[PDB]
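Source file: input.cif. Holds: mmCIF, C-alpha atoms and all ligand atoms.
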data_entry
loop_
_atom_site.label_atom_id
_atom_site.label_comp_id
_atom_site.auth_asym_id
_atom_site.auth_seq_id
_atom_site.Cartn_x
_atom_site.Cartn_y
_atom_site.Cartn_z
CA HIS E 4 32.30 11.10 -8.12
CA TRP E 5 28.97 12.10 -9.70
CA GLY E 6 26.37 13.82 -7.65
CA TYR E 7 24.04 16.80 -7.56
CA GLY E 8 26.27 19.80 -6.60
CA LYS E 9 27.79 22.59 -8.77
CA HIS E 10 30.87 20.63 -9.35
CA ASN E 11 29.54 17.16 -10.01
CA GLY E 12 25.87 17.61 -10.94
CA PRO E 13 23.83 16.87 -14.03
CA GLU E 14 25.67 19.39 -16.20
CA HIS E 15 28.86 17.36 -15.65
CA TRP E 16 27.61 13.82 -16.14
CA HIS E 17 28.22 13.61 -19.83
CA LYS E 18 32.04 13.56 -19.35
CA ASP E 19 31.89 10.20 -17.62
CA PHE E 20 28.63 9.04 -19.24
CA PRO E 21 28.44 10.28 -22.84
CA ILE E 22 24.96 8.80 -23.22
CA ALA E 23 23.83 11.76 -21.09
CA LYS E 24 23.37 13.55 -24.43
CA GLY E 25 21.78 10.56 -26.18
CA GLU E 26 18.52 10.12 -28.04
CA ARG E 27 16.18 8.85 -25.35
CA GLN E 28 17.22 10.55 -22.05
CA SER E 29 14.99 11.04 -19.00
CA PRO E 30 13.40 12.83 -17.45
CA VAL E 31 11.34 15.00 -19.88
CA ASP E 32 8.74 17.69 -19.66
CA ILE E 33 5.30 16.21 -20.34
CA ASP E 34 3.45 18.72 -22.55
CA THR E 35 -0.15 17.72 -21.85
CA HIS E 36 -1.41 19.35 -25.04
CA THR E 37 1.05 17.47 -27.34
CA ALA E 38 0.68 14.00 -25.65
CA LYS E 39 -1.78 11.93 -27.63
CA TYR E 40 -4.40 9.59 -26.24
CA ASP E 41 -3.54 6.07 -27.48
CA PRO E 42 -6.63 3.80 -27.57
CA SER E 43 -4.49 0.70 -28.16
CA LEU E 44 -2.83 1.01 -24.70
CA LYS E 45 -4.02 -2.00 -22.64
CA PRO E 46 -5.13 -1.22 -19.09
CA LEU E 47 -2.20 -1.05 -16.57
CA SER E 48 -1.89 -3.87 -14.02
CA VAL E 49 -0.09 -3.15 -10.78
CA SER E 50 -0.11 -6.34 -8.67
CA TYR E 51 1.58 -5.57 -5.37
CA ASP E 52 -0.45 -7.82 -2.91
CA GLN E 53 2.48 -10.27 -2.49
CA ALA E 54 5.22 -7.61 -2.35
CA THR E 55 7.98 -8.45 0.19
CA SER E 56 10.14 -5.52 1.22
CA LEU E 57 13.48 -6.30 2.86
CA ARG E 58 15.65 -3.31 3.58
CA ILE E 59 16.05 0.42 3.20
CA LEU E 60 19.44 1.85 2.18
CA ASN E 61 20.84 5.44 1.95
CA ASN E 62 23.06 5.06 -1.18
CA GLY E 63 24.50 8.58 -0.96
CA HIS E 64 22.10 9.86 -3.68
CA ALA E 65 18.68 8.92 -2.42
CA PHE E 66 17.25 6.08 -0.24
CA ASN E 67 16.14 2.78 -1.77
CA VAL E 68 13.48 0.48 -0.35
CA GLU E 69 14.42 -2.94 -1.73
CA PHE E 70 12.16 -5.95 -2.38
CA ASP E 71 12.70 -9.61 -2.75
CA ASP E 72 12.54 -10.19 -6.53
CA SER E 73 13.73 -13.88 -6.48
CA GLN E 74 10.26 -14.85 -7.72
CA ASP E 75 7.17 -13.29 -9.32
CA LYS E 76 5.37 -11.76 -6.38
CA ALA E 77 4.91 -8.02 -7.13
CA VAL E 78 4.68 -7.23 -10.84
CA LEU E 79 3.73 -4.53 -13.30
CA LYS E 80 2.11 -5.60 -16.59
CA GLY E 81 -0.23 -4.11 -19.20
CA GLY E 82 -0.30 -0.53 -20.42
CA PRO E 83 2.49 -0.15 -22.94
CA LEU E 84 4.37 -3.14 -21.65
CA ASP E 85 4.88 -6.54 -23.27
CA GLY E 86 5.44 -9.25 -20.74
CA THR E 87 6.03 -9.12 -17.00
CA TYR E 88 8.06 -6.71 -14.97
CA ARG E 89 9.13 -7.49 -11.38
CA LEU E 90 9.28 -4.76 -8.67
CA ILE E 91 12.84 -4.58 -7.33
CA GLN E 92 12.95 -1.30 -5.41
CA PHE E 93 11.53 2.19 -5.05
CA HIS E 94 13.08 5.54 -4.20
CA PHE E 95 12.30 9.23 -4.46
CA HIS E 96 13.81 12.47 -5.75
CA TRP E 97 13.01 15.69 -3.93
CA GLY E 98 13.76 19.34 -3.51
CA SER E 99 15.07 21.80 -0.94
CA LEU E 100 11.75 23.68 -1.27
CA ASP E 101 8.24 22.51 -2.15
CA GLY E 102 8.33 24.18 -5.56
CA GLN E 103 10.98 21.81 -6.99
CA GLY E 104 12.13 18.24 -6.60
CA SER E 105 10.35 16.16 -9.27
CA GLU E 106 12.31 14.95 -12.32
CA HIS E 107 9.43 14.86 -14.83
CA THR E 108 7.52 18.08 -15.17
CA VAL E 109 3.95 18.61 -16.42
CA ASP E 110 3.57 21.65 -18.65
CA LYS E 111 6.85 22.80 -16.97
CA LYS E 112 5.29 22.45 -13.51
CA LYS E 113 7.72 20.92 -10.94
CA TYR E 114 6.28 18.89 -8.03
CA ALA E 115 7.82 18.65 -4.55
CA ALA E 116 9.08 15.14 -5.20
CA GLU E 117 8.72 12.08 -7.44
CA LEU E 118 8.46 8.44 -6.47
CA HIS E 119 10.02 5.84 -8.79
CA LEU E 120 8.87 2.22 -8.48
CA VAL E 121 11.50 0.28 -10.49
CA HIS E 122 10.67 -3.02 -12.24
CA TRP E 123 12.74 -5.30 -14.45
CA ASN E 124 11.67 -7.38 -17.46
CA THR E 125 11.73 -11.03 -16.27
CA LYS E 127 12.50 -12.32 -19.78
CA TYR E 128 16.10 -11.12 -19.21
CA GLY E 129 16.46 -13.31 -16.13
CA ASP E 130 18.21 -10.71 -13.86
CA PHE E 131 18.21 -7.02 -13.57
CA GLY E 132 21.86 -6.63 -14.55
CA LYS E 133 21.01 -8.26 -17.92
CA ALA E 134 17.76 -6.22 -18.23
CA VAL E 135 19.55 -2.79 -18.01
CA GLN E 136 21.52 -3.70 -21.15
CA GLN E 137 18.25 -3.92 -23.13
CA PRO E 138 16.06 -1.18 -24.61
CA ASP E 139 12.97 -2.74 -22.88
CA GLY E 140 14.72 -3.96 -19.81
CA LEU E 141 13.05 -1.78 -17.14
CA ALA E 142 9.63 -0.20 -16.44
CA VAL E 143 9.64 2.68 -13.95
CA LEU E 144 6.31 3.80 -12.55
CA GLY E 145 6.72 7.50 -11.62
CA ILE E 146 4.30 9.21 -9.17
CA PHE E 147 4.38 12.90 -8.32
CA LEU E 148 4.21 14.19 -4.73
CA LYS E 149 2.67 17.48 -3.77
CA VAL E 150 2.58 18.94 -0.29
CA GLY E 151 -0.85 19.07 1.45
CA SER E 152 -2.47 16.29 3.53
CA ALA E 153 -0.25 13.51 4.92
CA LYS E 154 0.06 10.18 3.10
CA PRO E 155 -0.55 7.54 5.84
CA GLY E 156 1.09 4.87 3.70
CA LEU E 157 4.35 6.83 3.62
CA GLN E 158 4.75 7.35 7.36
CA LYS E 159 6.54 4.04 7.94
CA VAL E 160 9.18 5.18 5.44
CA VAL E 161 9.49 8.64 7.03
CA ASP E 162 9.81 7.04 10.48
CA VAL E 163 12.87 4.91 9.65
CA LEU E 164 14.88 7.71 7.93
CA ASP E 165 16.67 8.86 10.96
CA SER E 166 18.22 5.31 11.24
CA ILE E 167 19.78 5.70 7.77
CA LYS E 168 20.86 9.29 7.98
CA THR E 169 24.17 8.95 6.14
CA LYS E 170 25.63 7.29 3.02
CA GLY E 171 25.95 3.47 3.29
CA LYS E 172 23.60 3.03 6.25
CA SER E 173 20.86 0.47 5.88
CA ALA E 174 18.00 -0.83 8.02
CA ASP E 175 15.65 -3.77 8.05
CA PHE E 176 12.45 -2.75 6.34
CA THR E 177 10.13 -5.69 6.07
CA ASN E 178 6.39 -5.92 5.49
CA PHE E 179 6.07 -2.51 3.89
CA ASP E 180 3.11 -2.39 1.45
CA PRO E 181 3.87 -0.14 -1.55
CA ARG E 182 0.12 -0.06 -2.46
CA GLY E 183 -0.12 2.63 0.24
CA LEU E 184 1.93 5.00 -2.00
CA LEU E 185 -0.47 4.88 -5.06
CA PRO E 186 -2.98 7.52 -6.05
CA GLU E 187 -6.59 6.62 -6.77
CA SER E 188 -6.31 6.77 -10.59
CA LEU E 189 -3.85 4.86 -12.79
CA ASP E 190 -4.28 7.23 -15.77
CA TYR E 191 -0.76 7.77 -17.10
CA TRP E 192 1.63 9.12 -19.71
CA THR E 193 4.22 6.87 -21.28
CA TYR E 194 7.39 7.25 -23.37
CA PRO E 195 10.70 5.47 -23.93
CA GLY E 196 13.63 6.85 -21.88
CA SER E 197 16.55 6.15 -19.62
CA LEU E 198 17.75 5.88 -16.03
CA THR E 199 17.79 9.47 -14.69
CA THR E 200 21.11 9.03 -12.85
CA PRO E 201 24.44 7.67 -14.06
CA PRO E 202 24.91 5.30 -15.78
CA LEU E 203 21.93 6.91 -17.65
CA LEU E 204 21.27 3.67 -19.53
CA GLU E 205 18.58 3.87 -22.23
CA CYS E 206 16.62 0.87 -20.94
CA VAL E 207 13.44 2.33 -19.43
CA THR E 208 9.77 2.39 -20.42
CA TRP E 209 8.51 5.29 -18.35
CA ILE E 210 4.95 5.16 -17.05
CA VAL E 211 4.16 8.48 -15.21
CA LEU E 212 0.86 8.71 -13.35
CA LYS E 213 -1.23 11.82 -13.91
CA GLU E 214 -2.64 12.00 -10.40
CA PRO E 215 -0.13 13.15 -7.77
CA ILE E 216 -0.23 11.82 -4.21
CA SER E 217 -0.31 14.32 -1.33
CA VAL E 218 2.27 14.16 1.46
CA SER E 219 2.51 16.51 4.41
CA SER E 220 5.04 19.29 4.86
CA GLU E 221 6.35 17.39 7.96
CA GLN E 222 6.81 14.18 5.87
CA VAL E 223 8.82 15.94 3.12
CA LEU E 224 10.82 17.86 5.76
CA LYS E 225 12.06 14.51 7.10
CA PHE E 226 13.35 13.53 3.60
CA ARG E 227 15.35 16.77 3.66
CA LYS E 228 17.09 15.79 6.95
CA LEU E 229 18.90 12.96 5.23
CA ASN E 230 22.56 13.35 4.36
CA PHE E 231 24.53 12.79 1.03
CA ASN E 232 27.73 12.39 3.08
CA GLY E 233 28.90 9.37 5.09
CA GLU E 234 29.03 9.29 8.89
CA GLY E 235 31.88 11.35 10.29
CA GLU E 236 31.96 13.68 7.27
CA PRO E 237 30.83 17.34 6.92
CA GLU E 238 27.06 17.39 6.70
CA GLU E 239 25.55 17.94 3.29
CA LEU E 240 21.81 17.74 3.34
CA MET E 241 20.26 15.30 0.83
CA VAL E 242 18.08 17.76 -1.16
CA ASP E 243 17.68 18.55 -4.84
CA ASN E 244 18.69 15.08 -6.00
CA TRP E 245 16.72 15.45 -9.27
CA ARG E 246 17.89 15.71 -12.86
CA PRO E 247 16.22 18.45 -14.93
CA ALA E 248 14.16 17.78 -18.01
CA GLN E 249 16.05 16.59 -21.05
CA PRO E 250 15.35 17.13 -24.74
CA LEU E 251 12.41 15.04 -26.08
CA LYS E 252 14.16 14.50 -29.48
CA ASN E 253 12.41 12.00 -31.68
CA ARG E 254 9.86 10.76 -29.10
CA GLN E 255 6.09 10.86 -28.67
CA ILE E 256 4.57 10.81 -25.20
CA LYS E 257 1.32 8.77 -25.20
CA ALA E 258 -1.65 9.28 -22.83
CA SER E 259 -3.71 6.38 -21.50
CA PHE E 260 -6.72 8.70 -21.03
CA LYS E 261 -9.20 11.24 -22.55
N1 LIG P 1 16.03 7.34 -10.96
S1 LIG P 1 16.00 5.80 -11.68
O1 LIG P 1 14.65 5.12 -11.36
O2 LIG P 1 16.13 5.99 -13.16
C1 LIG P 1 17.46 4.83 -11.28
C2 LIG P 1 18.65 5.25 -11.82
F1 LIG P 1 18.71 6.42 -12.49
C3 LIG P 1 19.83 4.54 -11.64
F2 LIG P 1 20.97 5.02 -12.21
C4 LIG P 1 19.84 3.37 -10.88
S2 LIG P 1 21.47 2.61 -10.77
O3 LIG P 1 21.37 1.33 -9.94
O4 LIG P 1 21.82 2.15 -12.18
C5 LIG P 1 22.70 3.70 -10.01
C6 LIG P 1 22.32 4.00 -8.53
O5 LIG P 1 20.95 3.89 -8.20
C7 LIG P 1 18.64 2.91 -10.32
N2 LIG P 1 18.54 1.73 -9.51
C8 LIG P 1 17.69 0.65 -9.90
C9 LIG P 1 17.62 0.55 -11.42
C10 LIG P 1 18.95 0.19 -12.09
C11 LIG P 1 19.24 -1.31 -12.04
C12 LIG P 1 18.11 -2.29 -11.75
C13 LIG P 1 18.08 -2.77 -10.31
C14 LIG P 1 17.29 -1.80 -9.40
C15 LIG P 1 18.19 -0.59 -9.17
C16 LIG P 1 17.47 3.65 -10.54
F3 LIG P 1 16.34 3.23 -9.98
ZN ZN P 2 14.60 7.76 -9.78
#
Target format structure tokens, applied to this file:
Amino acid sequence: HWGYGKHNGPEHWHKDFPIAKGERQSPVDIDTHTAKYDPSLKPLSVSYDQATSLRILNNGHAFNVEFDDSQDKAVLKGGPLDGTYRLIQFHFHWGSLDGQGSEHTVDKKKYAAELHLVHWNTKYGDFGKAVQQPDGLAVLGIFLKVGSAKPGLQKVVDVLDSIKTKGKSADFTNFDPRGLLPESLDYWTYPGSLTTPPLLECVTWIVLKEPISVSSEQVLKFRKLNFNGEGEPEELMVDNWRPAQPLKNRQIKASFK
């Protein structure tokens, strides 16, 4: 039932998911002059050399590129995190126009899209157990702006017309997610939640400062995707982002400056 339209969008989620109005909801605006540099943050460690992608899936909300997480191959560690988090999937949120689409904002600036690389805390044994825990997930968020093409994204863009509609999937092996990272790993971090229902408060957010650039043609192909299933009226998959939520009793920490 939930979605992104007038009738079922973010303003409505709280009726099914009361936690929508809870104390640690995501996304948030990152006020760069209030975030404080934290010298105790350990360097971040993104180890994706052994990452094994399997499949790409249009889930009716976004598209997910899924990884094999049945052993410790592609992990995120360090930074604010204790222990080892395993990459399970990534997806994006994007807009109908280049001036909107990201979930986090930076001094109220919206980017054209935001990539979320989702990882679960291996001390909880499976991701379904991890989402029930306040430190169960670590999501690495990366902003996209429109400018020069991102070569490492083109394999994703290419396969999208084979998963145009809700519930379609395609084989998607040997994709290397290192090709989606910016040069710097400087980041902001704060405790928050999944940004779609069920809005669980189980996420350590790590949001990179440096956006990646993608081309206008690349982002245009995201906007050709459909929210609907095959044989249903076409509703373009655009604007699948939740707006910034209240920061409440949280501090956003910077890894830099
Ligand atoms: N935008 S996000 O990174 O916070 C997000 C959600 F908001 C979210 F609700 C989900 S979901 O699976 O709970 C509902 C449909 O996507 C996922 N998916 C991943 C994280 C949640 C469970 C851990 C396994 C990987 C799926 C998810 F990645
Ligand atoms: Zn997301």
Residue with smallest distance to residue 14 (chain E) - pool E:86, E:237, E:98, E:201, counting all atoms listed in the file: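 When distances to residue 14 (chain E) are compared using all atoms listed in the file, the smallest one comes from E:201.
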Point (-3.0, -5.0, -20.3) neighbourhood (6 Å, only C-alpha atoms) written as a ChimeraX atom specification: /E:45-47,81-82
Residue contacts of residue 199 (chain E) (7 Å, only C-alpha atoms) excluding same-chain residues fewer than 5 positions away, as a list in words: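 Listing them by chain and then by number gives residues 29, 30 and 246 of chain E.
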Go through chain E and flag each residue having an atom no more than 9 Å from ligand LIG 1 (chain P); for those, report the closest pair of atoms plus their distance in Å to one decimal, using only C-alpha atoms and all ligand atoms, ordered by chain and rising number, as a tab-separated table.
residue	atom	partner	partner_atom	distance
E:29	CA	P:LIG1	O2	7.8
E:30	CA	P:LIG1	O2	8.5
E:62	CA	P:LIG1	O5	7.4
E:64	CA	P:LIG1	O5	7.6
E:65	CA	P:LIG1	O5	8.0
E:67	CA	P:LIG1	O5	8.1
E:69	CA	P:LIG1	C14	8.3
E:90	CA	P:LIG1	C14	8.6
E:91	CA	P:LIG1	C14	5.6
E:92	CA	P:LIG1	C14	5.9
E:93	CA	P:LIG1	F3	7.0
E:94	CA	P:LIG1	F3	7.0
E:95	CA	P:LIG1	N1	7.7
E:96	CA	P:LIG1	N1	7.6
E:106	CA	P:LIG1	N1	8.6
E:118	CA	P:LIG1	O1	8.6
E:119	CA	P:LIG1	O1	5.3
E:120	CA	P:LIG1	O1	7.1
E:121	CA	P:LIG1	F3	5.7
E:122	CA	P:LIG1	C14	7.3
E:123	CA	P:LIG1	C12	6.7
E:130	CA	P:LIG1	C12	8.7
E:131	CA	P:LIG1	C12	5.1
E:132	CA	P:LIG1	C12	6.4
E:134	CA	P:LIG1	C12	7.6
E:135	CA	P:LIG1	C11	6.2
E:140	CA	P:LIG1	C12	8.9
E:141	CA	P:LIG1	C12	7.4
E:142	CA	P:LIG1	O1	8.9
E:143	CA	P:LIG1	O1	6.1
E:144	CA	P:LIG1	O1	8.5
E:145	CA	P:LIG1	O1	8.3
E:197	CA	P:LIG1	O2	6.5
E:198	CA	P:LIG1	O2	3.3
E:199	CA	P:LIG1	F1	3.9
E:200	CA	P:LIG1	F1	3.6
E:201	CA	P:LIG1	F2	4.7
E:202	CA	P:LIG1	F2	5.3
E:203	CA	P:LIG1	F2	5.8
E:204	CA	P:LIG1	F2	7.4
E:207	CA	P:LIG1	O2	7.7
E:245	CA	P:LIG1	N1	8.3
E:246	CA	P:LIG1	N1	8.8
All residues 7 Å or closer to residue 214 (chain E), only C-alpha atoms, same chain fewer than 2 positions away omitted, as a PyMOL selection string: chain E and resi 186+188+212+216
Interatomic distance (Å, one decimal) between CA of residue 37 (chain E) and CA of residue 254 (chain E): 11.2 Å
Given all atoms listed in the file as the counted atoms, nearest of E:195, E:12, E:247, E:156 to residue 222 (chain E):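 The answer is E:156, which sits nearest to residue 222 (chain E).
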Of the listed residues E:158, E:103, E:43, E:166, that which approaches residue 234 (chain E) most closely, counting all atoms listed in the file: E:166
Closest of E:117, E:26, E:239, E:205 to ligand ZN 2 (chain P) - atom-to-atom distances counting all atoms listed in the file: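 Selected residue with least distance to ligand ZN 2 (chain P): E:117.
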Best match for closeness to ligand ZN 2 (chain P) among E:39, E:133, E:147, E:57, counting all atoms listed in the file: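 The closest residue to ligand ZN 2 (chain P) is E:147.
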Residue nearest residue 179 (chain E) - candidates E:228, E:159, E:213, E:89, atoms counted: only C-alpha atoms: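 When distances to residue 179 (chain E) are compared using only C-alpha atoms, the smallest one comes from E:159.
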Atom-to-atom span, CA of residue 240 (chain E) and CA of residue 108 (chain E), Å: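 Going from CA of residue 240 (chain E) over to CA of residue 108 (chain E) covers 23.4 Å.
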Separation of CA of residue 40 (chain E) from CA of residue 257 (chain E), in Å and rounded to one decimal: 5.9 Å
Residue 260 (chain E) surroundings by all atoms listed in the file, 8 Å radius, close-in-sequence under 2 positions cut, as number ranges by chain: E: 40-41, 190-191, 258
Non-local contacts of residue 152 (chain E) (12 Å; all atoms listed in the file; under 6 positions in same chain excluded) as a list in words: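 Non-adjacent residues within range: residues 215, 216, 217, 218, 219, 220, 221, 222 and 223 of chain E.
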Spatial neighbours of residue 169 (chain E), max dist 10 Å, only C-alpha atoms, sep filter under 5 positions, as a PyMOL selection string: chain E and resi 60-63+66+164+228-236+238-241
For those residues, write C-alpha atoms to a file as a PDB file, in the coordinates of the input.
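What landed in out.pdb:
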ATOM      1  CA  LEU E  60      19.440   1.850   2.180  1.00  0.00           C
ATOM      2  CA  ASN E  61      20.840   5.440   1.950  1.00  0.00           C
ATOM      3  CA  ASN E  62      23.060   5.060  -1.180  1.00  0.00           C
ATOM      4  CA  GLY E  63      24.500   8.580  -0.960  1.00  0.00           C
ATOM      5  CA  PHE E  66      17.250   6.080  -0.240  1.00  0.00           C
ATOM      6  CA  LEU E 164      14.880   7.710   7.930  1.00  0.00           C
ATOM      7  CA  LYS E 228      17.090  15.790   6.950  1.00  0.00           C
ATOM      8  CA  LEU E 229      18.900  12.960   5.230  1.00  0.00           C
ATOM      9  CA  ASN E 230      22.560  13.350   4.360  1.00  0.00           C
ATOM     10  CA  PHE E 231      24.530  12.790   1.030  1.00  0.00           C
ATOM     11  CA  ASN E 232      27.730  12.390   3.080  1.00  0.00           C
ATOM     12  CA  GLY E 233      28.900   9.370   5.090  1.00  0.00           C
ATOM     13  CA  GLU E 234      29.030   9.290   8.890  1.00  0.00           C
ATOM     14  CA  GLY E 235      31.880  11.350  10.290  1.00  0.00           C
ATOM     15  CA  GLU E 236      31.960  13.680   7.270  1.00  0.00           C
ATOM     16  CA  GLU E 238      27.060  17.390   6.700  1.00  0.00           C
ATOM     17  CA  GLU E 239      25.550  17.940   3.290  1.00  0.00           C
ATOM     18  CA  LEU E 240      21.810  17.740   3.340  1.00  0.00           C
ATOM     19  CA  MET E 241      20.260  15.300   0.830  1.00  0.00           C
TER      20      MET E 241
END
